[PDB]
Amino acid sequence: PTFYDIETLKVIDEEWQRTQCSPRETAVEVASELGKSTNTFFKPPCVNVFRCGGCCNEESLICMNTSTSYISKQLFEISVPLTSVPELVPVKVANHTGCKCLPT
């Protein structure tokens, strides 16, 4: 075990660690998380919340949220066509606060 050897391996592990199941910030399209009837739009269409992702030690395991809170995010509801008026509505979208690899 030379000294140059260690550093690289180290670094590779840090790589491996940064890929592990955690709540990472992601872009969620609000339509796909609700009923979305009769072409009631959103603007903006998407929102930045934290979500679970990343790899697991064993294959059968998956990154699943173990806890979740719900942020409120002001958005414009546009029903086009057509009317009248889009209003500033606070929609509740799931922020994942806990994760763990699980079955499945």
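Residue indices: 1-based, along the sequence shown.
Chemist: Do the C-alpha atoms of 80 to 88 or of 15 to 23 have the higher average B factor in the entry?
Modeler: Per the deposited B-factors, the answer is 80 to 88.
Chemist: 37 to 45 versus 56 to 64: which one carries the higher mean Cα B factor per the record?
Modeler: Taking the mean B-factor of the alpha carbons in each, 37 to 45 is higher.
Chemist: Relative to the other modelled residues in the chain, which third contains the C-alpha temperature factor of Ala31: lowest, middle or highest?
Modeler: CA B-factor rank for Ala31: highest third.
Chemist: Report the third (lowest, middle or highest) to which the CA temperature factor of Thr8 belongs, ranking only the modelled residues of the same chain.
Modeler: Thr8: CA B-factor falls in the lowest third of its chain.
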